[PDB]
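Colleague: Supplied in structure tokens, the structure appears directly below.
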Amino acid sequence: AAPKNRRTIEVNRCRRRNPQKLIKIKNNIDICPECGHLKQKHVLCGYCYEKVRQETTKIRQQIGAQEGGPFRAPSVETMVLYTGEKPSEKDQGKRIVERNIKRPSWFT
Amino acid sequence: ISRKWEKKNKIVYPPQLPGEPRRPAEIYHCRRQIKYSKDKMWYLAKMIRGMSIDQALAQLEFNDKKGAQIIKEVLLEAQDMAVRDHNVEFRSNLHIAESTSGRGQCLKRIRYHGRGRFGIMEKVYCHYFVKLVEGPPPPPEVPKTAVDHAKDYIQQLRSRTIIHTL
Amino acid sequence: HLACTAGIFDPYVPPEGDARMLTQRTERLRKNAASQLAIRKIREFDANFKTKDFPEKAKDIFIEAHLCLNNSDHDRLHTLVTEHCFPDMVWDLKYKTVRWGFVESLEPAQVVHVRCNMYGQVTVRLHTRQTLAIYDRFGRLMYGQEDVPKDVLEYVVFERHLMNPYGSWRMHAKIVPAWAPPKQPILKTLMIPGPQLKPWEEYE
Amino acid sequence: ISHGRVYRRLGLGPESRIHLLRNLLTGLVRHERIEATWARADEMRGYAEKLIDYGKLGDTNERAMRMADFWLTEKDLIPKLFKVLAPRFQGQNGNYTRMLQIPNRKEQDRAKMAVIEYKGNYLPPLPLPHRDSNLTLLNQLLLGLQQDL
Amino acid sequence: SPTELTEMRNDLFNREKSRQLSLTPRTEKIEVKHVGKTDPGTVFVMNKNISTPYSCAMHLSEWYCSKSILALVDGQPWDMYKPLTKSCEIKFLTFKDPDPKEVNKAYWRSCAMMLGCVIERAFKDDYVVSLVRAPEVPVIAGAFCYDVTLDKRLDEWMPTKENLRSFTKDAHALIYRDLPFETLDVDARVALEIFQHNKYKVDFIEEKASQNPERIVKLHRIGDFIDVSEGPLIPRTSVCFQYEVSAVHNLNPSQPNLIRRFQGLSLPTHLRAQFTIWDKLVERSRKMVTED
Ligand SMILES: [Zn+2]
């Protein structure tokens with residue numbers, strides 16, 4: 078079955094310009110205090126998350142080199158230490174990861 | 041092809057006389073070649089019409105459509121030249137006066153099918169037109185109240201003239 | 077083909093207090116040892132070049148050049164000024180309307196120093219009151235006052251190609267003395283951006 | 009028609025869902041923080057919490073050893089669960105896993121993204137939301153009410 | 033007639049504005065560097081005594097304008113609309129600052145000033161009402177208080193529940209009208225003339241002039257209404273979202289004149305409250321508030 082006649086632009090225009098078919102505005106936009114960038118109320122910041130995710134790779138890269146092989150996951154707890162920080166007695170008996178950078182302000 | 045939108049940015053007004061209000065700035069920006077459907081892009085243009093520069097940019101940042109990202113890029117370029125070349129003091133003091141999309145030159149190809157059939161393949165391109173006016177978006181319209189409607193109806197009745205009479 | 081050379085052969089040093097100041108004219112006579120031999124070189128090709136009478140001819144070109152800006156007489160302005168001078172004068176005035184007028188000169192113009207295959211460069215001293223008002227594309231005023239006179243003292247360098255038979259005196263550059271007052275501020279406001287940093291980087 | 013359903017349909021079948029969940033659990037244990045689709049992350053959150061309980065039960069438990077071996081493909085992790093994860097969570101009675109919403113992927117599919125991590129880990133703290141301080145005007149007004157009461 | 037006082041009061045306010053404007057010739061560029069936590073280090077060249085903090089917010093983004101209620105110029109609280117004076121360091125204060133105590137007081141003062149405006153115009157021109165002062169009470173008190181002295185003719189008149197509702201309607205109309213808060217720093221001598229009729233206002237002006245070495249006093253004007261302020265006030269009346277006149281308490285030792293302290297509560301648009309919460313706050317705001 079094919080259309081019996083051409084559909085008029087006016088009829089077509091009304092269909093596409095009906096409110097149901099139009100793009101709706103969003104009121105859930107929020108600001109990120111940490112980075113000062115926009116975010117949604119139910120969505121986290123990304124500018125700061127970029128630092129966190131990349132820092133994780135840098136920390137993970139250090140971990141990968143230290144292990145040196147697959148299936149080498151330690152059976153003991155692990156800790157990350159940055160330059161200017163010295164291991165404590167409580168840190169004994171735990172895998173220690175050394176980071177050349179200083180302790181990040183956000184990281185505690 | 042016609043590029044009159046750019047020429048609108050080249051218009052130079054006569055020097056303003058002392059007894060004249062400060063002329064509001066008008067900026068026309070467009071992207072002539074976009075690998076996007078004008079019809080789909082129009083949906084984005086229609087919603088953003090009349091909104092502020094910041095509000096439109098905020099919505100675009102959280103939009104899922106590819107065209108929305110293009111619109112934000114177009115908006116940013118227009119804003120940059122406005123301050124750089126149109127002597128705009130406050131970046132925030134901008135609103136979307138006009139937003140529309142137009143058809144662009146396309147490419148034609150044949151669409152092959154596995155069972156010996158063929159189809160008409162087209163690479164769609166479109167143009168996008170926006171005019172930005174310095175200042176906040178105009179206040180929204182207030183719907184007429186019942187009292188206003190009744191007053192006009194009475195006024196209309198009085199305005200009536202007798203038809204086909206001496 | 078070049079009819080002018082960028083820069084000044086010998087940079088004349090203005091003395092502070094010259095605006096207050105015969106007198107200075109004698110200083111040129113004292114300094115003719117440095118400049119008179121140069122004056123002879125211009126005289127050799129011309130023989131009518133005199134420091135006393137040159138400023139009047141130079142002044143007309145300087146005033147006329149500014150007048151062309153009001154009418155955007157680019158063709159006329161090219162003849163008045165050298166190729167070096169033109170780009171500075173008109174490039175920043177694009178899509179702008181300027182009202183410029185010349186008030187009576189505060190002091191008479193006098194040649195200051197000259198130092199020229208031969209491009210005679212003559213330094214002239216000019217103090218004049220002028221009015222300036224520049225507007226936007228939309229006509230909005232952006233700089234200067236329409237009818238307020240501003241007294242400006244500057245030294246103007248003209249350059250003529252001596253070798254060429256068609257060589258003529260055209261404005262080449264302006265020497266600004268350090269003691270000259272700063273230019274008037276713009277009406278609009280500018281913003282100095284803060285340092286730009288990557289997400290990894292932090293403000294300092 | 010998803011009324012009363014308590015299980016998500018993932019992978020190519022129920023076995024694939026277990027294997028896909030098994031792979032996700034093994035990866036999470038190794039790294040302690042993994043980013044995945046919200047729907048899948050929610051489904052696997054319950055499994056991770058129960059795994060910590062199995063570690064708490066004790067190494068000598070035969071069922072835990074069988075459970076740990078099956079769920080963790082990489083056998084180096086089996087000592088870790090009993091000697092790293094289980095000791096860490098001994099004080100905790102639950103809520104071992106923290107799941108939060110991440111901005112959707114800009115990969116043309118706009119999948120809902122979430123991050124699931126084990127609490128008490130040595131990884132850098134996630135950017136958690138901070139509640140409003142009591143110094144706010146509304147809270148201070150409520151503080152005055154509290155003092156009166 | 034009270035209207036006559038407003039007319040002359042408005043003129044002196046207008047003439048003072050012109051004198052200050054004339055005092056400053058030409059536009060002087062002042063380098064103000066942004067010390068705020070967000071976007072730090074930006075330097076704007078602004079016109080001295082003309083440019084206001086709100087102009088800088090406009091320069092950056094619309095978010096700054098909406099979320100900036102006050103500005104810290106060289107570590108000093110400045111009104112968002114107060115023209116800048118010199119090169120300085122500027123930071124923007126918002127309602128959600130970690131320590132909004134300074135912000136709360138400015139909102140507290142502005143609400144008290146707005147309440148004073150309602151009282152004078154609430155009554156008919158026949159009645160005579162003189163405002164004594166705006167007592168400063170902590171936010172913990174649960175209500176902002178404004179003291180006013182009535183005439184002997186009103187000694188037996190107490191507002192009813194409907195009358196209290198009418199006052200909120202007048203206050204709500206002011207919020208809807210959205211009148212920006214004008215700010216003038218004026219010497220005591222001129223201020224005394226502007227408020228010569230109200231003896232109570234005379235003493236308050238003297239106190240402020242006494243504290244500072246000079247006689248300059250902080251005067252704020254909401255449209256026709258003018259009053260003295262203990263500190264910075266809200267830029268506009270539209271900030272408030274919920275407004276209520278909780279109750280009025282008459283001071284017992286009020287023989288020469290009937291001094292009434294009016295209790296009210298207000299909330300900004302940035303901080304809306306639930307209906308149940310607002311009802312409880314209004315109930316808690318109907319109790320007499322003493323100064324401690
Ligand atoms: Zn952030």
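Line by line, the protein sequences give chains 0, T, d, O and 7.
FYI, the numbering for the first sequence is 78 to 185, going by the entry's author numbering.
FYI, the numbering for the second sequence is 41 to 206, going by the entry's author numbering.
FYI, the numbering for the third sequence is 77 to 97, 105 to 199, 207 to 294, going by the entry's author numbering.
FYI, the numbering for the fourth sequence is 9 to 157, going by the entry's author numbering.
FYI, the numbering for the fifth sequence is 33 to 324, going by the entry's author numbering.
Idealized CB from N, CA, C, for every residue including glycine.
Indicate, with yes or no, if ligand 1 has a heavy atom lying under 6 Å from the CB of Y124 (chain 0).
Modeller: Indexing the first sequence from 1 puts residue 124 (chain 0) at position 47. Checking the Cβ of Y124 (chain 0) against ligand 1 gives yes.
Colleague: 7 Å is my cut-off, CB to CB: does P170 (chain d) come that close to chain 7?
Modeller: If you number the third sequence from 1, residue 170 (chain d) lands on position 87. No, because no Cβ of chain 7 sits closer than 7 Å to the Cβ of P170 (chain d).
Colleague: Going by beta-carbon coordinates alone, are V214 (chain d) and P138 (chain d) separated by less than 7 Å?
Modeller: Translated into the one-based positions of the third sequence, residue 214 (chain d) becomes position 124. Translated into the one-based positions of the third sequence, residue 138 (chain d) becomes position 55. It is a contact, given that the beta carbons lie within the stated cut-off.
Colleague: At a CB distance below 7 Å, what residues from the stretch 74-103 of chain T approach chain 0? Give them in sequence order.
Modeller: Cβ contacts with chain 0: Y83, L84, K86, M87, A98, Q99, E101, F102.
Colleague: By the three-class DSSP mapping on this structure, what secondary structure does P133 (chain O) have?
Modeller: Counted from its first residue, the fourth sequence places residue 133 (chain O) at position 125. In this structure, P133 (chain O) counts as coil in the three-state DSSP scheme.
Colleague: Using 8 Å as the threshold, is the stretch 177-194 of chain 7 in touch with the stretch 255-267 of chain 7, meaning 3 or more CB pairs across them?
Modeller: Because the criterion of three Cβ pairs below 8 Å is not met, the stretch 177-194 of chain 7 and the stretch 255-267 of chain 7 do not touch.
Colleague: Consider the Cβ of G123 (chain 0): report whether some Cβ of chain 7 lies at a distance smaller than 7 Å.
Modeller: One-based indexing of the first sequence puts residue 123 (chain 0) at position 46. Not an interface residue.
Colleague: Below 8 Å on the Cβ atoms is my guess for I254 (chain 7) versus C149 (chain 7); work out the distance and round it to an integer in Å.
Modeller: Translated into the one-based positions of the fifth sequence, residue 254 (chain 7) becomes position 222. Translated into the one-based positions of the fifth sequence, residue 149 (chain 7) becomes position 117. Indeed, because the Cβ distance is near 6 Å, the residues count as touching under 8 Å.
Colleague: Starting from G107 (chain T), trace the beta strand (DSSP E) both ways and give me its first and last residue.
Modeller: In the second sequence, the residue the question calls residue 107 (chain T) occupies position 67. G107 (chain T) -> not in any beta strand (DSSP E); alpha helix (DSSP H) instead, spanning 106-125.
Colleague: In chain T, which residues lie with their C-beta within 9 Å of the C-beta of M90 (chain 7)?
Modeller: Reading the fifth sequence from its first residue, position 58 is the one you call residue 90 (chain 7). The answer, in chain order, is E129, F130, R131, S132, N133.
Colleague: Where does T134 (chain 0) land, buried or exposed, given buried means 16+ other C-beta within 10 angstroms?
Modeller: Here residue 134 (chain 0) is taken as the residue at index 57 of the first sequence, counted from 1. So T134 (chain 0) ends up on the exposed side.
Colleague: Using only CA atoms, which one of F294 (chain 7), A241 (chain 7), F124 (chain 7) lies nearest to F199 (chain 7)?
Modeller: Position 167 of the fifth sequence holds residue 199 (chain 7). Comparing Cα positions, the closest option is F294 (chain 7).
Colleague: Return yes when at least one heavy atom of ligand 1 lies under 6 Å from the C-beta of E111 (chain 0), else no.
Modeller: By one-based count along the first sequence, residue 111 (chain 0) stands at place 34. Answer for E111 (chain 0): yes, Cβ within range of ligand 1.
Colleague: So is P275 (chain d) in contact with chain 7 if we call contact Cβ pairs under 7 Å?
Modeller: Within the third sequence, residue 275 (chain d) is the residue found at index 185, counting from 1. Yes, because at least one Cβ of chain 7 sits closer than 7 Å to the Cβ of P275 (chain d).
Colleague: Excluding the 5 residues preceding and the 5 following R165 (chain 7) in the sequence, name in chain order all residues of the same chain whose CB lies nearer than 7 Å to its CB.
Modeller: The residue you call residue 165 (chain 7) lines up with position 133 of the fifth sequence. Around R165 (chain 7): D179, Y232, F236.
Colleague: Is DSSP giving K124 (chain d) helix, strand or coil here?
Modeller: For the purposes of this step, residue 124 (chain d) is taken as residue 41 along the third sequence, with counting starting at 1. Residue state, collapsed to three classes: helix.
Colleague: If you compare alpha carbons, which of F213 (chain 7), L55 (chain 7), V135 (chain 7) is closest to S270 (chain 7)?
Modeller: Taking the first residue of the fifth sequence as 1, we reach residue 270 (chain 7) at position 238. Nearest C-alpha to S270 (chain 7): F213 (chain 7).
Colleague: Going by DSSP, what residue range makes up the alpha helix (DSSP H) through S54 (chain 7)?
Modeller: By 1-based counting over the fifth sequence, the position of residue 54 (chain 7) is 22. 34-55 is the span of the alpha helix (DSSP H), which, as asked, contains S54 (chain 7).
Colleague: Looking at the structure shown, is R17 (chain O) part of a helix, part of a strand, or coil, going by DSSP?
Modeller: Taking the fourth sequence and counting its residues from 1, one reaches residue 17 (chain O) at position 9. Here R17 (chain O) sits in coil by DSSP.
Colleague: Enumerate, from N- to C-terminal direction, the unbroken beta strand (DSSP E) stretches of 3 or more residues contained entirely within the stretch 210-260 of chain 7.
Modeller: Complete beta strand (DSSP E) runs here, min 3: 214-219, 248-254, 257-260.
Colleague: Let me know the secondary structure DSSP gives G113 (chain 0) once reduced to three states.
Modeller: Taking the first sequence and counting its residues from 1, one reaches residue 113 (chain 0) at position 36. If DSSP states are grouped into helix, strand and coil, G113 (chain 0) belongs with coil.
Colleague: If distances are taken between C-alpha atoms only, which option among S119 (chain 7), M90 (chain 7), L224 (chain 7), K312 (chain 7) comes closest to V128 (chain T)?
Modeller: Here the question's residue 128 (chain T) lines up with position 88 in the second sequence. Nearest option by C-alpha distance: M90 (chain 7).
Colleague: Are the Cβ atoms of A118 (chain T) and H69 (chain T) separated by less than 7 Å?
Modeller: Along the second sequence, read from residue 1 onward, the residue named residue 118 (chain T) stands at position 78. Along the second sequence, read from residue 1 onward, the residue named residue 69 (chain T) stands at position 29. Taking 7 Å as the Cβ cut-off, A118 (chain T) and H69 (chain T) qualify as a contacting pair.
Colleague: Between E115 (chain O) and chain 0, is the shortest Cβ-Cβ distance under 7 Å, so that the two count as touching?
Modeller: As a position in the fourth sequence, residue 115 (chain O) is number 107, starting the count at 1. Answer no: the Cβ-Cβ gap between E115 (chain O) and chain 0 never drops below 7 Å.
Colleague: Would a check of beta-carbon distances place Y68 (chain T) closer than 7 Å to chain d?
Modeller: Translated into the one-based positions of the second sequence, residue 68 (chain T) becomes position 28. No, because no Cβ of chain d sits closer than 7 Å to the Cβ of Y68 (chain T).
Colleague: Please tell me whether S93 (chain 7) has its Cβ less than 7 Å away from any Cβ of chain T.
Modeller: Taking the fifth sequence and counting its residues from 1, the one referred to as residue 93 (chain 7) is at position 61. So yes, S93 (chain 7) belongs to the interface.
Colleague: Just to confirm my understanding: we take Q193 (chain d), look at its own chain, exclude 5 residues before and 5 after, and list those with CB closer than 6 Å. What are they?
Modeller: Here residue 193 (chain d) corresponds to residue number 110 of the third sequence, with the count starting at 1. Answer for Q193 (chain d): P138, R215, listed in chain order.
Colleague: Pull up the distance between the alpha-carbon of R30 (chain O) and that of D84 (chain O), whole angstroms please.
Modeller: Working through the fourth sequence from its first residue, we reach residue 30 (chain O) at position 22. Working through the fourth sequence from its first residue, we reach residue 84 (chain O) at position 76. Spanning the two alpha carbons is a distance of roughly 15 Å.
Colleague: Please list the terminal residues of the continuous beta strand (DSSP E) segment that includes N177 (chain 0).
Modeller: In the first sequence, residue 177 (chain 0) corresponds to position 100, counting from 1. Segment 172-179, the beta strand (DSSP E) holding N177 (chain 0).
Colleague: Quick one: does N81 (chain 7) have its CB under 7 Å from some CB of chain O?
Modeller: Sequence index remark: in the fifth sequence, residue 81 (chain 7) carries index 49 (1-based). No, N81 (chain 7) lies away from the interface with chain O (no Cβ there is under 7 Å from its Cβ).
Colleague: Could you spell out where the beta strand (DSSP E) holding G142 (chain T) opens and where it closes?
Modeller: Here residue 142 (chain T) is taken as the residue at index 102 of the second sequence, counted from 1. Per DSSP, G142 (chain T) belongs to the beta strand (DSSP E) from 134-152.
Colleague: One question on the structure: do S152 (chain 0) and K91 (chain O) come within less than 7 Å of each other, judged by their Cβ atoms?
Modeller: Taking the first residue of the first sequence as 1, we reach residue 152 (chain 0) at position 75. Taking the first residue of the fourth sequence as 1, we reach residue 91 (chain O) at position 83. Going by C-beta atoms, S152 (chain 0) is nearer than 7 Å to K91 (chain O).
Colleague: Using a 10 Å radius around the Cβ and a threshold of 16 neighbouring Cβ atoms, would you call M52 (chain O) buried or exposed?
Modeller: Residue mapping note: residue 52 (chain O) aligns to position 44 of the fourth sequence, counting from 1. The residue is buried, with at least 16 neighbouring Cβ atoms inside 10 Å.
Colleague: DSSP three-state call for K114 (chain O): helix, strand or coil?
Modeller: Stepping through the fourth sequence from its first residue, residue 114 (chain O) is reached at position 106. Of the three classes helix, strand and coil, the one that applies to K114 (chain O) here is coil, per DSSP.
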